[PDB]
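Consider the single chain below, provided in C-alpha cells and representing the form deposited in one PDB entry.
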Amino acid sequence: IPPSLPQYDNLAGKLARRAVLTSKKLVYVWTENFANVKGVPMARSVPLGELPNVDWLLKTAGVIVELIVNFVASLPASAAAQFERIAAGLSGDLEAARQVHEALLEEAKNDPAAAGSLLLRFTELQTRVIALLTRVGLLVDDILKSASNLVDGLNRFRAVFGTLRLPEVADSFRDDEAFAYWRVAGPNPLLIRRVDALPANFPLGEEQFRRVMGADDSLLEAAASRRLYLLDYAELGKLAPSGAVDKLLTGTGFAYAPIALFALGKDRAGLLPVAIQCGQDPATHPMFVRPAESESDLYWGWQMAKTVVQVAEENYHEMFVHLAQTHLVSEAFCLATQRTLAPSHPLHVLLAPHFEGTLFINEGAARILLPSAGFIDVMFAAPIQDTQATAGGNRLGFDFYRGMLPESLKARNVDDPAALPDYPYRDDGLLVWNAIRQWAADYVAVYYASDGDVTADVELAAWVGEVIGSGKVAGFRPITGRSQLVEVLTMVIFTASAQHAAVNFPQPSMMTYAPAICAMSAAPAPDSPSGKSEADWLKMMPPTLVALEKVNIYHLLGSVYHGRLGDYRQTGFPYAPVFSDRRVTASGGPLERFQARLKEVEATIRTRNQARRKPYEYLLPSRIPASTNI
C-alpha cells in the first residue's frame, strides 16, 4: 500500500492514522528539562523502538572493545592485571554476540516464512549488547577512578594512543599552511568568512600586513580582491572564560575567543595565517603577526597564538558545529516527525530513516558526555554549567534557513570558487546538497501536485507547528508551497546525513592528538609576541587525563559508519526496503536516479581529490550515513 496525504487517504485510513498519532504522542514526549541539557528540546525518554538495532550495537561495541584492549595493552604489566580479565571477558562476550546474530540471520534465511518467530531473540540480542555496553560503563568508571596510577615534552600525548597510529596532524601541526587549511577542510568549515573591513576591535594595520604579505600588497588591495578571510570566535561567549577555571579533575584551565586573519596570495595558491589576536579586547590581547623563519624570538609566541585558535576551535566545533547544529537540531525534527506525520504519510516514510539512532545517541551525549566530571567537563575548559548553557543557547539561536549550505556560503562571502578556489567543504557539500535537493523535488512531486496539496495537508501543518513551537527551531516558518517544502526537506536531510558526516568524521584524524587541538589549555594566552620559549608553549598542553579521554572518545565517534545516504533499506534485520510505492522505487525512478546521482558525485569528488593538496573525503557519499547516530 502506498503512503498518502491525510486529505486524500480513505476514511479507514484517516481514523487509523489519527489514532496512531494520538498513540505516538504518549510515547514521544517533549521536555526542556532533560538532565545536563536544560532548555534544549529533547525526548523525555527513548522509546523501545528507538533503541539502536543489533547492527549498530555490534559496530559501536566493536570499536569500544578495540579501544579497551588497546588501553589495557599500553599499561605496565602490573597495572594491566586489574583490567585484563574484564577486558578479555568483554572481547569474548562481544564475539559471542556476533555469533548469535550470524546464527539468527542464517536461521531467518533457512526459513523466511518462520522468521517472525525470531523477533524476541533479536531483541534479546539487542538487550544483551546494550548490557555489554553497561559493563563497559562500569569499567570506564574504574579506569577513570585510577587515572593517577594508570595515566620534546610531548611523549605523554603519544603514549595515550597505545598502538593506535598517531594521525598525520601529529607530524604537521606546527605548519602555518596546514593551520590555515583547517579553516576550509577541517571539522569546522563554517566559521571562516570573507572580510572587507576589519573589526574595530582587531587593529591590524597596513604595515603589519605588508610585513607578512609583501610591500607590494596592502590591506586595501587584498580586501578588494577577495583575498582576506577572518575567523572570529566572539560567539563562544562563556566557552571562553575570562580567566583561570580550577577543576578537581584537571586543575587550572583556560580557553579563548580569539580573532585571526588569513590571506590568499595574489596567485590564490593557498590560505596563509597573517595575524592572531588571542581574545576580543585588543587592550589586553597584543597582536601576533606571522613570523619569518629567521625570527626565533617570535617563533614560540606564534605557536602559542595558533594553539589559542585551536583551543577556541575545539570548543566552537564540538559544542556548536557538531553538537548544537547537527545532533540537537535533528533531535527536534525526529520528535516532530513521529508526533505529527502518520507512519503512512509519505514524508514520515522518507524522513524516518534520517533519524535512526538520533534520540539514543543524543540521550547518550546528555547522560554520559555532559554531566559534571564527564568527558566534556574534563576536555573543555569552561565550567560544565557554562558549557551546557552555551551549547544549548547556540542550538536555540541556530536559524534553519540562514543555516542552509548555500545561504551560509553566501552570507560568509565564500561561495565563489574564483575568489577562494580551495574550499573542499563548499564544493563537495554543494554536490551532495544539490543531489539531495533533486531527490526531494522528485519525491515531493509524487505526492504533492499543487501548492494546495501542501497547505491542505493538516499533518504537515501540525509538523511545522511542532518544529516552531515545542521544537524551538529558530527561523522555521509556515510552509505554503512545494518549492519551499523541497528546500525544507533538503535541509532536514542534509543536516541529518551529510552535514553531520562532514563535522563528525574528521574527529579521528584531526582531533585525537591534544597538542594539535584541545578544548582546554593549562596556561593563559601568550602575553607577548616576543621572547617566548618552547617551555612557555609546553605549559599550554593539557593534563594527561584530558589526552586519554580525547583519543578514545574522538576515535569512537568518528569510527562508526552506520547506514548510507540514498540506500534506503533497513539497516537492521530484516533489511527490507524503506519504500513500497512503485512510483518511487521503479526502474529509472526517483530513488534509482538519486542513487545514481550519488555515484556520479562520488566519482567527481575522487577526481577533485587527485588534484587537491590533501584529499577531503568526508563528503564522499559512500562515507555519509543517512542519519546522525554517532
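Residue numbers run from 1 along the displayed sequence. Only the largest set of C-alpha atoms that superpose within 1.5 Å between the two forms is called the rigid core.
Below, we refer to the form deposited in another entry, which is not included among the displayed structures.
K.L.:
Against the rigid core, a Cα displacement of 2 Å or more between this form and the one not shown applies to just one of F320, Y299, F122, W439. Which?
P.N.:
Flagged residue: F122.
K.L.:
2 Å or more on the CA of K410 between this form and the one not shown, with the rigid core superposed, yes or no?
P.N.:
No: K410 shifts by under 2 Å between this form and the one not shown.
K.L.:
Please check if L105 moves between this form and the one not shown, taking a CA shift of 2 Å or more relative to the superposed core as movement.
P.N.:
Indeed, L105 is displaced by 2 Å or more.
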